[PDB]
Amino acid sequence: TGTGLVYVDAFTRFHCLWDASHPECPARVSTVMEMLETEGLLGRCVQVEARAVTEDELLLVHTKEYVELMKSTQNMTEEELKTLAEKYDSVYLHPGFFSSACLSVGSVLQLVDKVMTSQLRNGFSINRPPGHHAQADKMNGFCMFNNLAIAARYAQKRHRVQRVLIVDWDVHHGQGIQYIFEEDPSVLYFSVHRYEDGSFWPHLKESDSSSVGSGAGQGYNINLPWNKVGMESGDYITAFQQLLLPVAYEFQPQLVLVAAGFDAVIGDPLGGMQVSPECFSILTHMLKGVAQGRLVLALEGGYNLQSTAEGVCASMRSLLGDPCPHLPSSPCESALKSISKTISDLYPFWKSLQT
Ligand SMILES: O=C(CCCCCCC(=O)Nc1ccc(I)cc1)NO
Ligand SMILES: [K+]
Ligand SMILES: [K+]
Ligand SMILES: [Zn+2]
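In case it helps, this note's numbering puts the sequence shown at residues 1159 to 1513.
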């Protein structure tokens, strides 16, 4: 039918209590919604209710120990929240975090429901907190629960999906998603990210392309690390055309989930990349060719309010069926070196890569 959109004001109901300038702030999602409206895109979407994730849903990924400690966050004093946050890497807490995080997960599951039952063609959750760093028993990197990792397993259980592709074009490596599915050949994880031999957060050798998955998961984890700043649309277009999409068509997923971060867009104060927002119209378009176009995007990172709004808008135009834009740009030496090396590491597992 149409394109679903989930957003709730509860997504604005948590923020960093000890820094008023923390980049992961409520104005991220309200600026996206403002631009979607002024551009006429919001009204062309099917509005979809959010819902709170269930514990059984959360237990698809997270431990009962971690869920309960999380649920306890809504009744801790500030000091007890600040003290638990410091036990994690790059994470703040707030009395409303757990509630908004449950709705952040559920927003994705609502879209998976409507897309998997052909009620909608695709959808986009304008959610925070983000998720792709959250791990089975740990907060990490502004994330409490791993939205897409839960959605992937949820789709497999509730909708009898065999194979899920997760595409993570946020500028950071989604190491949480990697770890959850590291041994799992039914969930193919692809991440393109700033890396710089480990100097860029999260500073993990596991973010390099030599991490291809383990055991039965070998070949089903694909990292494309950038080792020079300033990458552009041509770097991402090349990556998608000759690496991800060949592997995707060969994998034949039944659902595609996008960790839709926009911190690689030019102007982001964190990602140090130069991607134009319209590039994501082209990347989104390519993904619509797989899995009968059953495609759900969920907001991850992106910290320039205007650049992230424009990146969401370009993605949305493609979800809605608008013509592909003209791009004023046209890969660098560092980017091609990265793509060759990732292809080399994944060569033995994918015929579509073999030339
Ligand atoms: O986008 C993301 C999550 C990004 C996590 C990055 C952690 C390091 C960092 O930049 N921390 C920071 C702390 C305070 C201020 I003020 C500005 C920045 N995942 O995709
Ligand atoms: K990524
Ligand atoms: K995997
Ligand atoms: Zn990010």
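The C-beta atom is built at its ideal place from N, Cα and C for all residues, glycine as well.
Can you check whether the CB of residue j is closer than 7 Å to the CB of residue i?
| i | j | result |
| --- | --- | --- |
| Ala1307 | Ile1338 | yes |
| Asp1503 | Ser1391 | no |
| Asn1298 | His1291 | yes |
| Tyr1353 | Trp1384 | yes |
| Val1219 | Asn1304 | yes |
| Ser1365 | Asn1381 | yes |
| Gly1334 | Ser1349 | no |
| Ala1417 | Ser1283 | no |
| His1443 | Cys1482 | yes |
| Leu1477 | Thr1212 | no |
| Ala1406 | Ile1497 | no |
| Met1474 | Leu1278 | no |
| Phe1256 | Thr1231 | yes |
| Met1302 | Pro1287 | yes |
| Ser1510 | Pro1411 | no |
| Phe1172 | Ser1258 | yes |
Between which two residues does the beta strand (DSSP E) holding residue i run?
| i | result |
| --- | --- |
| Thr1161 | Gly1160 to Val1164 |
| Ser1349 | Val1345 to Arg1352 |
| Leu1218 | Taken as a continuous stretch (DSSP letters only), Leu1218 belongs to no beta strand (DSSP E), as it is neither H nor E. |
| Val1414 | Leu1413 to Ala1418 |
For residue i, which residues in the same chain have their Cβ closer than 8 Å to its Cβ, ignoring the five residues on either side in sequence?
| i | result |
| --- | --- |
| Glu1192 | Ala1467 |
| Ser1188 | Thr1170 |
| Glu1341 | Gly1371, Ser1372, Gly1373, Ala1374 and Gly1375 |
| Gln1512 | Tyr1505 |
| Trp1359 | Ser1248, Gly1299 and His1330 |
| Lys1229 | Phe1256 |
| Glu1408 | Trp1508, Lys1509 and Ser1510 |
Give me, in chain order, the residues of the same chain whose beta-carbon lies closer than 7 Å to that of residue i; leave out the 5 immediate sequence neighbours on both sides.
| i | result |
| --- | --- |
| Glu1223 | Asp1295 |
| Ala1313 | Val1270, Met1274, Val1319, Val1322 and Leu1413 |
| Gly1469 | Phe1420, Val1423, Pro1435, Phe1438 and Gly1460 |
| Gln1268 | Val1164, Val1206, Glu1207, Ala1208 and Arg1209 |
| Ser1488 | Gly1392 |
| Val1225 | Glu1213, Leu1216 and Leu1217 |
| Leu1463 | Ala1185, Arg1186 and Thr1189 |
| residue 1148 | This structure does not reach residue 1148, given that the chain is present from 1159 up to 1513, and the question cannot be answered. |
| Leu1401 | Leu1382, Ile1497, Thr1500 and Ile1501 |
If you follow the alpha helix (DSSP H) that residue i is in, where does it begin and where does it stop?
| i | result |
| --- | --- |
| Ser1496 | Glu1491 to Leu1504 |
| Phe1507 | That residue, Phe1507, is in no alpha helix (DSSP H); it is neither H nor E in DSSP. |
| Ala1243 | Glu1236 to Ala1243 |
| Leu1227 | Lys1222 to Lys1229 |
| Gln1232 | Element bounds for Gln1232: n/a, residue is neither H nor E. |
| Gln1336 | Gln1333 to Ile1338 |
Could you pull out every residue in the same chain whose Cβ sits closer than 6 Å to the Cβ of residue i, ignoring the five residues on either side in sequence?
| i | result |
| --- | --- |
| residue 1149 | Because the chain is modelled from 1159 through 1513, residue 1149 falls outside the range shown and cannot be assessed. |
| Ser1492 | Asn1385 and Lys1386 |
| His1180 | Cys1174 |
| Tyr1347 | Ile1324, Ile1335, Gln1336, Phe1339 and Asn1379 |
| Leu1194 | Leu1200 |
| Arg1316 | none |
| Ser1344 | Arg1321 |
| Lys1499 | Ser1367 |
Does the distance between the C-beta of residue i and the nearest non-hydrogen atom of ligand 5 fall short of 6 Å?
| i | result |
| --- | --- |
| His1351 | Looking for ligand 5 in the displayed structure turns up nothing; the ligands present are ligand 1, ligand 2, ligand 3 and ligand 4. |
Item to complete: Only counting runs of 3 or more residues, tell me where the beta strand (DSSP E) segments fall wholly within the region 1364-1409, in order along the chain.
Response: Taking only runs of at least 3 residues, the beta strand (DSSP E) segments lying wholly in the region 1364-1409 are 1379-1384.
Worksheet item: Within the chosen definition, does the region 1241-1261 reach the region 1436-1453 through at least 3 CB pairs nearer than 8 Å?
Response: The region 1241-1261 is not in contact with the region 1436-1453.
Discussion item. My parser needs the alpha helix (DSSP H) runs of 4 or more residues fully inside the region 1428-1490; what are they?
Written reply: As summarised for the region 1428-1490, the continuous alpha helix (DSSP H) elements at least 4 residues long and confined to that stretch are 1437-1445 and 1463-1477, given in chain order.
Worksheet item: Does the region 1425-1432 come close enough to the region 1369-1380 to have 3 or more Cβ pairs within less than 8 Å?
Response: Three or more beta-carbon pairs separated by less than 8 Å are not found between the region 1425-1432 and the region 1369-1380, which leaves the two stretches without contact.
Worksheet item: With contact counted as at least three CB pairs below 8 Å, one residue from each stretch, are the region 1230-1250 and the region 1160-1170 in contact?
Response: The region 1230-1250 vs the region 1160-1170: no contact.
Fill in: Runs of beta strand (DSSP E) lying entirely within the region 1269-1331, each at least 3 residues, in chain order
Within the region 1269-1331, the runs of beta strand (DSSP E) that reach at least 3 residues and sit entirely inside it are, in chain order, 1278-1283 and 1322-1326.
Discussion item. Give the list of continuous alpha helix (DSSP H) stretches no shorter than 4 residues that lie fully inside the region 1177-1212.
Written reply: Within the region 1177-1212, the complete alpha helix (DSSP H) segments at least 4 residues long are 1185-1196, listed from N- to C-terminus.
Discussion item. Three Cβ pairs or more, each shorter than 8 Å: is that satisfied between the region 1483-1495 and the region 1195-1210?
Written reply: Flag = no, the region 1483-1495 and the region 1195-1210 do not touch.
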